[PDB]
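Participant: My sequence and its experimental structure, below.
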Amino acid sequence: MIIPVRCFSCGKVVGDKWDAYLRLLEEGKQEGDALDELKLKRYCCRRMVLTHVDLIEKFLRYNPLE
Amino acid sequence: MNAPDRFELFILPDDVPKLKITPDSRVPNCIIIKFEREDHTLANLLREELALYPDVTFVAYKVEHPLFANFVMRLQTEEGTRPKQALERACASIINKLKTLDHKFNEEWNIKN
Amino acid sequence: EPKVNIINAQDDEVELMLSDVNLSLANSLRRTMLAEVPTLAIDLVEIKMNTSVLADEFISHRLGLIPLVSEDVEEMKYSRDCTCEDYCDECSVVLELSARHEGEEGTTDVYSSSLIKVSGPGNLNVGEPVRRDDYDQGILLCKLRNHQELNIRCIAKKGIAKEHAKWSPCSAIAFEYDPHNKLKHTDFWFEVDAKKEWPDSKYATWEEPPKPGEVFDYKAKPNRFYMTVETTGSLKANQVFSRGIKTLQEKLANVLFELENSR
Amino acid sequence: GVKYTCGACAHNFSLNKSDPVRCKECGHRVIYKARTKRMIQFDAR
Amino acid sequence: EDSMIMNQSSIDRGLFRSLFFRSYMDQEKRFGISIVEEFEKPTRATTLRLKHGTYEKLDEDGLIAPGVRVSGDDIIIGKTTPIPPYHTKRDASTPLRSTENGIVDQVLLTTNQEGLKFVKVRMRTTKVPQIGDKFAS
Amino acid sequence: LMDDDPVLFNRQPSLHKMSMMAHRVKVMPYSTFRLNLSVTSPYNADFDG
RNA sequence: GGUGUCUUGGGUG
Ligand SMILES: [Mg+2]
Ligand SMILES: [Zn+2]
Ligand SMILES: [Zn+2]
Ligand SMILES: [Zn+2]
């Protein structure tokens, strides 16, 4: 839905890295290199960001009803 | 709907003692201690501290159920020593070791700064 | 007799080798730093207007998971030990979040930096959401479109990680000992050869590998422990280590107190 | 009396148990009640 | 034997956490010419056979408002059925399911094909994994 | 219901007399029953639903 | 103080 604040397994804060990750993917860096640069070293933290599906973009498309 | 509160792990009620000592009559000069609202963190520390004293002959602990936050500890000592006294001795020794550890860590951290 | 040798020391993490201590002591320290070091986290949320797509308790869970500065949290009282019928200015920190999207294009992101500390037991240095830099935007909390609004009054309280993971000052405490398996505490599974098929520990060069002529030693116990504490910014690494030590000291003092005053 | 909202044109209004179920601004057929005024607390857990 | 240990901290951080929505429906029937049911908060004097739940949560229209916590056996849609030939009404109120808790999300109100009043009440709740929940790979 | 009360415990289908056995009660949190694992063979039970 | 009946389809053990 929206990026989780913490890593499930260990609890590192990954919620402040989604925008940097998107900008890194924009400038051509492949996913492993982007995750390396954000200093996500444990594969739990890495799969937190690598497997996220951002559905809030899809939910926001339905007009506010008030 | 049947989940107990997450603070009953550590918050001791007023009608529940923190510590309760009963003697083991089967072997001489032995006692059974039930620690309420504690877990492996204190138990393993105390057990491996007590296991290194010459006057402690038996020491062990168990956590009978993971869903209940207590452990029970069996401690035996030699004839002259009392297991209670060995327990205060172990507590004081670990306190001193932690204080020394803190002092050295602070000195190292200051030099590293 | 205990000794500490810091190998790396920055604000969020400290990597240190611990020596001349029992393994039980080191593991008790790891457990205490993971579970029993008090911090501050939002424990009560009050919704005024939430017209976002996210649900009220979804946002409440996310807000509860936001790290807050907890440097002075030890000078604070547990909300179960205060005489106040309701959290008073001294056992809680009150935060505000107000967000709103004006205009008919674009999306307004709601970040943790938008949280504003209103009250709290001043001048204690608690409560502020942790920023990485001066220009940090914090954690993503929600997103807002046209006329969608968020008006929230959060309460923050003192707690430990036993009660809920949001009070954990630490993420992952790496911990190992005996990189060369001299003590033979493990027994390596292999297909052809156990030395080729298993990667070396990152602290292998800190200890001499066993010689082929060497025989097994049955007196050696574990004596050197390599551990890397990491934080979430709520506490500093040295603060986490020192307060874990102090918490262990006070637990032991509690045991000593009960023993003496049960006589 | 009690606050409602339109389903088509998002208009807010209030009906008094005797008008039909309808919106004023457009005349749309489905309406939603408004969020309560009380204050709701969550545990953030 | 196909049991499985799960991390409590990961549960606390949101692992396998899910939202639940239950929607109740109700409308007014027409038993004749001027004999119909009505959405209205039923007063004890004019009504009989009232449910054992509480009615103190209904607005003046016999409907609860979104944002209100509801427990089991609580009434969320008040309705009265007239007594055929004061104290001339029977109740047809819809309680919440005796097992479920939650918070009202979206109370819809419209009219059916025949112009009679129509109500849908969606409840919301969150289910956090605990002992006995079923998982598979 | 309290600790050590004898209660009859049963899984369907009840193919033989050892599918319905008397147990002593122990009160516990959560909404799931607890069984020692050696008695799962006479019941033909497992813990996957 | 009193919360109704029968079939169809989809699952769990
Ligand atoms: Mg089965
Ligand atoms: Zn992680
Ligand atoms: Zn107070
Ligand atoms: Zn309208």
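Facilitator: In hand now; what should we look at? Residues are numbered from 1 along each chain as shown, chains lettered A, B, ... in the order given. Ligands and ions are numbered 1, 2, ... in the order given.
Participant: Look at the residue of chain A found nearest chain B and tell me its secondary structure.
Facilitator: Closest contact between chain A and chain B, by CB to the nearest CB, is at residue A:11 (16.3 Å). (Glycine included, C-beta is placed from N, CA and C.) Classification of residue A:11 using DSSP: H, G, I helix; E, B strand; the rest coil returns coil.
Participant: Going by residue numbers, what spans are helices in chain F?
Facilitator: F:40-43 (DSSP state H).
Participant: what are the ranges of the strands in it?
Facilitator: Secondary structure of chain F by DSSP state E: the strands cover F:6-10, F:20-24.
Participant: Off-centre distance for the first one?
Facilitator: Translated: strand F:6-10. 7 Å (CA atoms, centre = their mean, to the nearest Å).
Participant: got the strands of chain F as TSV, with distance to chain C and mean neighbour count columns?
Facilitator: Formatted as TSV, the strands of chain F follow (distance: least, CB to the nearest CB, whole Å; neighbours: other CB atoms under 10 Å in any protein chain shown):
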stretch	distance to chain C	mean neighbour count
strand F:6-10	34	11
strand F:20-24	31	12
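Participant: Just tell me which of these ends up closest to residue C:214.
Facilitator: Nearest to residue C:214 among those is strand F:20-24 (55.9 Å), distances taken as CB to CB.
Participant: strands paired with that closest one, and their directions?
Facilitator: Looking at strand F:20-24 with DSSP bridges, its partner strands are strand F:6-10 (antiparallel).
Participant: Show me the contact partners of the partner strand.
Facilitator: Contact with strand F:6-10 is made by F:1, F:19-25, F:33, as judged by CB atoms under 8 Å, 6 or more residues apart in numbering or on different chains.
Participant: Next: stretch E:127-137.
Facilitator: With CB under 8 Å, 6+ apart, stretch E:127-137 has contacts from B:3, E:4, E:6, E:11, E:15-18, E:20, F:30-32, F:48-49.
Participant: Those also near chain C: which ones?
Facilitator: For chain C, the contacts drawn from the contacts of stretch E:127-137 by CB under 8 Å from any CB of the partner chain are residue E:17.
Participant: hmm, which of the contacts of stretch E:127-137 are the buried ones?
Facilitator: When the contacts of stretch E:127-137 are checked for burial by 16 or more other CB atoms under 10 Å in any protein chain shown, the buried set is E:11, E:15, E:17.
Participant: Neighbours of residue C:127, how many?
Facilitator: 24 (other CB atoms under 10 Å in any protein chain shown).
Participant: hmm, back to that, compare the strands of chain F and give me the one nearest RNA strand G.
Facilitator: Nearest to RNA strand G, of all the strands of chain F, is strand F:6-10, at 10.7 Å by CB to the nearest atom of the strand.
Participant: Only the C-alpha atoms, please, for the closest one, written as PDB.
Facilitator: Extracted C-alpha coordinates of strand F:6-10, given in PDB (Å, rounded to 0.1, in the frame of the first residue of the first chain):
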ATOM      1  CA  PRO F   6     -12.000 -33.700  33.500                       C
ATOM      2  CA  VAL F   7     -13.500 -32.900  30.000                       C
ATOM      3  CA  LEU F   8     -14.200 -35.100  27.100                       C
ATOM      4  CA  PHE F   9     -12.200 -34.200  24.000                       C
ATOM      5  CA  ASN F  10     -13.100 -35.300  20.500                       C
END
